[PDB]
(Lines of atoms letter the chains of each structure in order from A and count residues from 1; the text may use other names and numbers.)
(Lines give C-alpha, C1' and ligand atoms only; values in the text may rest on other atoms or scores of the structure.)
Protein backbone atom coordinates (compact mmCIF):
# COMPACT_ATOMS: atom_id res chain seq x y z
CA UNK A 1 0.00 0.00 0.00
CA UNK A 2 2.03 3.04 -0.81
CA UNK A 3 0.00 6.25 -0.59
CA UNK A 4 0.61 9.50 -2.52
CA UNK A 5 -0.70 12.97 -1.44
CA UNK A 6 -1.99 14.35 -4.69
CA UNK A 7 -1.84 18.09 -3.78
CA UNK A 8 0.00 20.69 -1.73
CA UNK A 9 -0.82 24.11 -0.26
CA UNK A 10 -0.67 25.92 -3.53
CA UNK A 11 -2.66 23.47 -5.57
CA UNK A 12 -5.92 25.39 -5.52
CA UNK A 13 -4.12 28.24 -7.34
CA UNK A 14 -3.21 26.16 -10.36
CA UNK A 15 -3.91 27.55 -13.82
CA UNK A 16 -6.74 25.62 -15.33
CA UNK A 17 -7.61 23.57 -12.19
CA UNK A 18 -5.76 21.05 -10.12
CA UNK A 19 -8.00 17.99 -10.76
CA UNK A 20 -7.57 18.64 -14.48
CA UNK A 21 -3.88 19.03 -13.98
CA UNK A 22 -3.74 15.86 -11.98
CA UNK A 23 -5.45 13.93 -14.87
CA UNK A 24 -2.08 14.20 -16.60
CA UNK A 25 -0.11 12.57 -13.72
CA UNK A 26 -2.30 9.49 -13.25
CA UNK A 27 -0.16 7.17 -15.36
CA UNK A 28 3.05 8.20 -13.67
CA UNK A 29 1.43 7.77 -10.33
CA UNK A 30 0.02 4.40 -11.23
CA UNK A 31 3.40 3.38 -12.57
CA UNK A 32 5.38 4.29 -9.40
CA UNK A 33 3.49 1.54 -7.62
CA UNK A 34 1.17 3.94 -5.77
CA UNK A 35 -1.96 2.33 -4.55
CA UNK A 36 -3.88 5.30 -3.04
CA UNK A 37 -3.86 9.04 -3.66
CA UNK A 38 -5.17 11.49 -1.07
CA UNK A 39 -7.10 14.22 -2.76
CA UNK A 40 -7.67 17.68 -1.14
CA UNK A 41 -11.05 18.75 0.36
CA UNK A 42 -13.68 18.65 -2.29
CA UNK A 43 -16.58 20.94 -1.03
CA UNK A 44 -17.15 24.60 -0.95
CA UNK A 45 -14.85 26.17 1.55
CA UNK A 46 -14.43 29.70 2.69
CA UNK A 47 -10.67 29.14 2.62
CA UNK A 48 -9.54 28.28 -0.83
CA UNK A 49 -7.52 25.23 0.08
CA UNK A 50 -10.58 23.47 1.39
CA UNK A 51 -10.17 23.20 5.15
CA UNK A 52 -12.94 25.47 6.06
CA UNK A 53 -16.02 23.71 4.56
CA UNK A 54 -19.51 25.00 4.22
CA UNK A 55 -21.81 23.51 1.65
CA UNK A 56 -20.62 19.97 2.00
CA UNK A 57 -22.61 18.65 -0.98
CA UNK A 58 -21.59 21.51 -3.21
CA UNK A 59 -18.43 20.11 -4.78
CA UNK A 60 -18.79 22.61 -7.62
CA UNK A 61 -17.55 25.70 -5.74
CA UNK A 62 -14.19 23.93 -5.04
CA UNK A 63 -11.31 25.92 -6.30
CA UNK A 64 -9.68 22.61 -7.37
CA UNK A 65 -12.38 21.90 -9.81
CA UNK A 66 -16.02 20.91 -9.96
CA UNK A 67 -17.87 17.59 -9.29
CA UNK A 68 -17.62 16.61 -12.96
CA UNK A 69 -13.79 16.97 -12.89
CA UNK A 70 -13.48 15.12 -9.56
CA UNK A 71 -15.34 12.12 -10.92
CA UNK A 72 -13.23 12.06 -14.05
CA UNK A 73 -10.03 12.11 -11.93
CA UNK A 74 -11.32 9.42 -9.56
CA UNK A 75 -12.43 7.52 -12.68
CA UNK A 76 -8.95 7.72 -14.10
CA UNK A 77 -7.27 6.69 -10.85
CA UNK A 78 -9.62 3.80 -10.61
CA UNK A 79 -9.14 2.80 -14.23
CA UNK A 80 -5.45 2.56 -13.48
CA UNK A 81 -5.76 0.47 -10.36
CA UNK A 82 -5.40 3.21 -7.74
CA UNK A 83 -7.80 4.21 -5.01
CA UNK A 84 -8.70 7.76 -4.15
CA UNK A 85 -8.99 8.78 -0.51
CA UNK A 86 -10.76 11.98 0.57
CA UNK A 87 -9.93 14.70 3.09
CA UNK A 88 -12.95 14.67 5.38
CA UNK A 89 -12.97 17.92 7.28
CA UNK A 90 -15.86 17.39 9.66
CA UNK A 91 -14.63 18.77 12.97
CA UNK A 92 -15.84 22.23 12.08
CA UNK A 93 -17.97 23.75 9.34
CA UNK A 94 -18.64 27.34 8.34
CA UNK A 95 -22.17 28.76 8.10
CA UNK A 96 -23.99 30.13 5.23
CA UNK A 97 -26.49 32.32 7.02
CA UNK A 98 -26.94 34.46 10.04
CA UNK A 99 -29.55 33.52 12.47
CA UNK A 100 -31.58 35.88 14.59
CA UNK A 101 -28.55 36.87 16.71
CA UNK A 102 -26.74 38.07 13.60
CA UNK A 103 -24.34 35.10 14.08
CA UNK A 104 -23.35 32.93 11.25
CA UNK A 105 -24.65 29.70 12.54
CA UNK A 106 -27.06 28.49 9.82
CA UNK A 107 -25.57 25.90 7.69
CA UNK A 108 -26.41 24.98 4.18
CA UNK A 109 -25.67 21.50 2.89
CA UNK A 110 -25.66 22.67 -0.73
CA UNK A 111 -29.01 21.04 -1.88
CA UNK A 112 -32.66 22.38 -2.16
CA UNK A 113 -33.57 20.03 0.60
CA UNK A 114 -32.50 19.99 4.24
CA UNK A 115 -29.53 17.58 4.27
CA UNK A 116 -26.98 19.21 6.36
CA UNK A 117 -28.89 22.50 6.79
CA UNK A 118 -28.26 22.66 10.54
CA UNK A 119 -28.35 25.64 12.85
CA UNK A 120 -26.78 26.49 16.28
CA UNK A 121 -28.13 23.44 17.97
CA UNK A 122 -25.75 21.21 16.04
CA UNK A 123 -22.82 23.36 17.21
CA UNK A 124 -21.02 22.12 20.32
CA UNK A 125 -22.47 23.64 23.45
CA UNK A 126 -19.57 25.86 24.26
CA UNK A 127 -18.22 27.29 20.97
CA UNK A 128 -19.24 30.82 21.46
CA UNK A 129 -20.35 32.88 19.63
CA UNK A 130 -21.58 30.33 17.16
CA UNK A 131 -23.12 27.90 19.61
CA UNK A 132 -26.46 28.70 21.18
CA UNK A 133 -25.59 26.61 24.25
CA UNK A 134 -28.12 23.85 23.42
CA UNK A 135 -25.92 21.29 21.70
CA UNK A 136 -23.69 18.72 23.39
CA UNK A 137 -20.15 19.79 24.35
CA UNK A 138 -17.27 19.09 22.11
CA UNK A 139 -15.97 15.50 22.05
CA UNK A 140 -12.47 16.80 21.30
CA UNK A 141 -10.57 19.91 20.50
CA UNK A 142 -11.84 23.13 19.15
CA UNK A 143 -10.89 24.85 16.02
CA UNK A 144 -10.94 28.58 16.88
CA UNK A 145 -11.84 30.11 13.55
CA UNK A 146 -15.06 28.09 12.96
CA UNK A 147 -18.23 26.36 14.37
CA UNK A 148 -17.44 22.97 15.76
CA UNK A 149 -19.93 20.30 14.85
CA UNK A 150 -21.51 18.46 17.79
CA UNK A 151 -20.90 14.90 16.66
CA UNK A 152 -23.01 13.46 19.43
CA UNK A 153 -26.17 14.91 17.85
CA UNK A 154 -27.98 12.14 15.96
CA UNK A 155 -29.10 14.16 13.00
CA UNK A 156 -25.44 15.17 12.55
CA UNK A 157 -24.36 11.57 12.68
CA UNK A 158 -27.00 10.55 10.12
CA UNK A 159 -26.58 13.28 7.58
CA UNK A 160 -22.81 13.21 7.81
CA UNK A 161 -22.91 9.35 7.28
CA UNK A 162 -25.26 9.93 4.28
CA UNK A 163 -22.78 12.48 2.91
CA UNK A 164 -19.87 10.02 3.44
CA UNK A 165 -21.77 7.26 1.63
CA UNK A 166 -22.58 9.73 -1.17
CA UNK A 167 -18.90 10.59 -1.58
CA UNK A 168 -18.26 6.81 -1.84
CA UNK A 169 -21.21 6.04 -4.04
CA UNK A 170 -21.88 9.05 -6.27
CA UNK A 171 -18.35 10.49 -6.22
CA UNK A 172 -16.22 7.36 -5.99
CA UNK A 173 -14.05 7.86 -2.95
CA UNK A 174 -12.56 4.75 -1.44
CA UNK A 175 -11.40 5.90 1.95
CA UNK A 176 -11.00 8.88 4.23
CA UNK A 177 -8.25 10.95 5.78
CA UNK A 178 -9.90 12.61 8.80
CA UNK A 179 -8.74 16.16 9.12
CA UNK A 180 -7.95 17.32 12.63
CA UNK A 181 -9.13 14.15 14.20
CA UNK A 182 -8.17 15.62 17.59
CA UNK A 183 -11.34 17.63 16.94
CA UNK A 184 -13.63 14.84 18.08
CA UNK A 185 -13.36 11.56 20.02
CA UNK A 186 -12.22 8.24 18.59
CA UNK A 187 -15.73 7.06 19.34
CA UNK A 188 -17.35 9.56 17.09
CA UNK A 189 -14.82 8.75 14.41
CA UNK A 190 -15.61 5.06 14.83
CA UNK A 191 -19.26 5.63 13.90
CA UNK A 192 -18.24 7.36 10.69
CA UNK A 193 -15.70 4.73 9.78
CA UNK A 194 -17.87 1.81 10.67
CA UNK A 195 -20.99 3.07 9.05
CA UNK A 196 -19.37 4.36 5.85
CA UNK A 197 -17.11 1.28 5.69
CA UNK A 198 -14.05 2.75 3.85
CA UNK A 199 -11.40 0.46 2.46
CA UNK A 200 -8.81 2.72 4.07
CA UNK A 201 -8.97 5.57 6.56
CA UNK A 202 -6.08 7.50 8.13
CA UNK A 203 -6.60 10.04 10.92
CA UNK A 204 -4.52 13.15 11.36
CA UNK A 205 -3.62 13.37 15.05
CA UNK A 206 -0.81 15.95 15.23
CA UNK A 207 0.67 16.87 18.62
CA UNK A 208 4.10 18.19 19.70
CA UNK A 209 7.04 16.07 20.48
CA UNK A 210 8.56 16.10 23.96
CA UNK A 211 11.53 18.44 24.01
CA UNK A 212 14.46 18.10 26.29
CA UNK A 213 16.79 20.33 28.15
CA UNK A 214 18.77 21.27 25.00
CA UNK A 215 16.02 22.55 22.64
CA UNK A 216 15.93 19.25 20.74
CA UNK A 217 13.35 16.42 20.85
CA UNK A 218 13.82 13.65 23.26
CA UNK A 219 14.98 10.31 21.97
CA UNK A 220 12.05 8.73 23.72
CA UNK A 221 8.75 9.91 22.29
CA UNK A 222 6.59 7.28 23.81
CA UNK A 223 3.91 9.73 25.08
CA UNK A 224 3.65 10.94 21.51
CA UNK A 225 3.20 7.59 19.75
CA UNK A 226 1.01 6.22 22.63
CA UNK A 227 -1.62 8.74 21.64
CA UNK A 228 -1.63 7.51 18.00
CA UNK A 229 -1.73 3.84 19.07
CA UNK A 230 -4.57 4.65 21.43
CA UNK A 231 -6.80 6.29 18.79
CA UNK A 232 -6.44 3.14 16.68
CA UNK A 233 -7.41 0.99 19.65
CA UNK A 234 -10.61 2.90 20.44
CA UNK A 235 -11.56 3.24 16.84
CA UNK A 236 -10.96 -0.45 16.36
CA UNK A 237 -7.72 -2.35 15.77
CA UNK A 238 -9.51 -4.60 13.24
CA UNK A 239 -10.75 -1.69 11.21
CA UNK A 240 -9.19 0.00 8.22
CA UNK A 241 -8.18 2.82 10.61
CA UNK A 242 -4.57 4.14 10.73
CA UNK A 243 -2.98 7.42 11.92
CA UNK A 244 -0.22 9.41 10.27
CA UNK A 245 3.05 8.66 12.14
CA UNK A 246 4.01 12.09 13.20
CA UNK A 247 6.51 10.61 15.64
CA UNK A 248 8.78 9.15 12.95
CA UNK A 249 8.39 12.38 10.94
CA UNK A 250 9.38 14.49 13.96
CA UNK A 251 12.36 12.31 14.86
CA UNK A 252 13.58 11.83 11.34
CA UNK A 253 13.53 15.56 10.82
CA UNK A 254 16.23 15.87 13.42
CA UNK A 255 17.90 12.50 13.07
CA UNK A 256 18.88 13.14 9.52
CA UNK A 257 21.03 16.14 10.43
CA UNK A 258 23.81 13.93 11.80
CA UNK A 259 21.92 12.46 14.72
CA UNK A 260 20.95 9.08 13.16
CA UNK A 261 21.38 7.42 16.61
CA UNK A 262 17.92 8.93 17.24
CA UNK A 263 16.53 6.15 15.06
CA UNK A 264 17.05 3.24 17.62
CA UNK A 265 14.73 3.90 20.44
CA UNK A 266 15.04 3.27 24.11
CA UNK A 267 14.03 -0.32 23.47
CA UNK A 268 16.32 -0.90 20.47
CA UNK A 269 13.22 -0.78 18.19
CA UNK A 270 12.21 2.08 15.83
CA UNK A 271 11.28 5.17 17.84
CA UNK A 272 8.09 6.14 15.95
CA UNK A 273 4.67 4.51 15.83
CA UNK A 274 6.05 1.81 13.50
CA UNK A 275 8.04 0.45 16.43
CA UNK A 276 4.79 -0.41 18.27
CA UNK A 277 2.10 -0.81 15.61
CA UNK A 278 3.62 -0.60 12.11
CA UNK A 279 0.51 -2.03 10.63
CA UNK A 280 -1.67 0.88 11.67
CA UNK A 281 0.93 3.60 11.02
CA UNK A 282 1.35 5.59 7.70
CA UNK A 283 4.69 7.32 7.41
CA UNK A 284 5.69 10.47 5.57
CA UNK A 285 8.63 12.82 5.03
CA UNK A 286 6.37 15.92 4.66
CA UNK A 287 2.87 17.06 3.76
CA UNK A 288 1.01 20.25 2.77
CA UNK A 289 1.42 21.64 6.28
CA UNK A 290 4.84 20.50 7.47
CA UNK A 291 6.27 21.29 4.04
CA UNK A 292 5.02 22.99 0.88
CA UNK A 293 4.66 26.77 1.28
CA UNK A 294 3.52 26.49 4.89
CA UNK A 295 6.84 25.12 6.20
CA UNK A 296 5.46 24.21 9.54
CA UNK A 297 7.83 21.35 10.28
CA UNK A 298 9.86 20.78 7.08
CA UNK A 299 12.17 17.90 6.48
CA UNK A 300 15.75 19.27 5.86
CA UNK A 301 15.69 19.81 2.10
CA UNK A 302 19.15 18.50 1.23
CA UNK A 303 18.11 15.31 2.99
CA UNK A 304 14.60 14.39 1.84
CA UNK A 305 15.97 11.31 0.08
CA UNK A 306 17.37 9.89 3.33
CA UNK A 307 13.78 10.32 4.55
CA UNK A 308 12.32 8.38 1.66
CA UNK A 309 15.13 5.73 1.89
CA UNK A 310 13.92 5.25 5.46
CA UNK A 311 10.09 5.33 5.06
CA UNK A 312 10.08 3.43 1.81
CA UNK A 313 12.14 0.46 3.10
CA UNK A 314 10.71 0.30 6.56
CA UNK A 315 7.45 -1.12 8.01
CA UNK A 316 4.40 1.18 8.26
CA UNK A 317 2.59 2.33 5.08
CA UNK A 318 4.57 5.07 3.26
CA UNK A 319 3.06 8.24 1.87
CA UNK A 320 4.96 10.01 -0.93
CA UNK A 321 4.29 13.79 -1.02
CA UNK A 322 3.37 15.39 -4.34
CA UNK A 323 6.25 17.89 -4.50
CA UNK A 324 9.07 15.48 -3.86
CA UNK A 325 7.93 13.07 -6.47
CA UNK A 326 6.90 15.53 -9.16
CA UNK A 327 8.73 18.86 -8.50
CA UNK A 328 12.03 18.20 -6.83
CA UNK A 329 13.30 15.81 -9.42
CA UNK A 330 13.50 12.94 -6.98
CA UNK A 331 11.01 10.90 -9.08
CA UNK A 332 13.41 8.30 -10.19
CA UNK A 333 15.17 7.78 -6.87
CA UNK A 334 11.78 7.51 -5.20
CA UNK A 335 10.58 5.05 -7.86
CA UNK A 336 13.63 2.87 -7.37
CA UNK A 337 12.93 2.72 -3.68
CA UNK A 338 9.24 1.93 -4.17
CA UNK A 339 10.46 -0.94 -6.41
CA UNK A 340 12.94 -2.36 -3.88
CA UNK A 341 10.05 -2.30 -1.45
CA UNK A 342 7.51 -3.94 -3.76
CA UNK A 343 9.95 -6.45 -5.29
CA UNK A 344 10.88 -7.88 -1.95
CA UNK A 345 7.28 -7.83 -0.75
CA UNK A 346 8.21 -5.45 2.06
CA UNK A 347 4.88 -4.45 3.54
CA UNK A 348 3.34 -2.48 6.43
CA UNK A 349 4.11 -5.30 8.91
CA UNK A 350 7.64 -6.25 7.83
CA UNK A 351 10.16 -7.11 10.49
CA UNK A 352 12.82 -4.54 11.24
CA UNK A 353 16.11 -5.17 12.87
CA UNK A 354 18.33 -2.12 13.56
CA UNK A 355 21.95 -3.16 13.02
CA UNK A 356 23.59 0.14 14.03
CA UNK A 357 22.43 3.72 14.76
CA UNK A 358 25.30 5.96 15.40
CA UNK A 359 25.34 9.69 14.68
CA UNK A 360 26.73 9.08 11.20
CA UNK A 361 25.24 5.75 10.21
CA UNK A 362 21.89 4.04 10.51
CA UNK A 363 21.86 0.55 9.14
CA UNK A 364 18.75 -1.57 9.36
CA UNK A 365 17.66 -4.81 7.86
CA UNK A 366 14.08 -5.29 6.79
CA UNK A 367 12.56 -8.70 6.51
CA UNK A 368 15.95 -10.37 6.02
CA UNK A 369 16.05 -9.17 2.41
CA UNK A 370 16.98 -5.49 2.34
CA UNK A 371 19.45 -3.39 4.23
CA UNK A 372 19.36 0.42 4.24
CA UNK A 373 22.17 2.64 5.26
CA UNK A 374 21.59 6.23 5.93
CA UNK A 375 24.43 8.55 6.83
CA UNK A 376 27.83 9.76 5.53
CA UNK A 377 29.77 6.92 7.19
CA UNK A 378 32.03 5.46 4.64
CA UNK A 379 33.55 2.40 6.34
CA UNK A 380 30.45 0.27 6.19
CA UNK A 381 30.92 -3.03 4.21
CA UNK A 382 32.09 -5.02 7.22
CA UNK A 383 28.53 -4.92 8.60
CA UNK A 384 26.48 -5.67 5.48
CA UNK A 385 26.28 -9.50 4.99
CA UNK A 386 27.75 -11.50 2.17
CA UNK A 387 24.83 -12.16 -0.22
CA UNK A 388 23.54 -8.64 -0.56
CA UNK A 389 24.14 -6.39 -3.51
CA UNK A 390 23.34 -2.65 -3.54
CA UNK A 391 19.86 -2.00 -4.98
CA UNK A 392 19.77 1.81 -4.78
CA UNK A 393 21.92 4.58 -3.56
CA UNK A 394 22.18 8.24 -3.74
CA UNK A 395 23.22 11.02 -1.43
CA UNK A 396 23.69 9.60 2.12
CA UNK A 397 21.78 6.51 1.65
CA UNK A 398 22.26 3.20 0.00
CA UNK A 399 20.09 0.13 0.21
CA UNK A 400 21.28 -3.36 -0.56
CA UNK A 401 18.96 -6.21 -1.33
CA UNK A 402 19.72 -9.88 -1.03
CA UNK A 403 20.84 -11.58 -4.17
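Numbering follows the first chain given and starts at 1.
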- prompt: Should the higher mean CA B-factor in the entry be assigned to 146 to 154 or to 100 to 108?
  reply: 100 to 108
- request: Tell me which of 317 to 325 and 125 to 133 has the higher mean C-alpha B-factor in the deposited entry.
  value: 125 to 133
query: Based on what the PDB entry reports, which of 293, 306, 221, 185 has the top C-alpha B-factor?
result: 221
query: From 373, 55, 67, 369, which pick has the Cα B-factor that tops the rest in the entry?
result: 369
- prompt: By the record's CA B-factor, is residue 3 among the lowest, middle or highest third of residues in the chain?
  reply: lowest
task: Ordered by C-alpha B-factor within the chain, which third holds residue 310? Give me lowest, middle or highest, please.
output: middle
message: Considering every modelled residue of the chain and its Cα B-factor in the PDB entry, is residue 345 in the lowest, middle or highest third?
response: highest
Lowest, middle or highest third - CA B-factor, residue 285: lowest
task: Would you check the entry's CA temperature factor for residue 301 and let me know if it's in the chain's lowest, middle or highest third?
output: highest
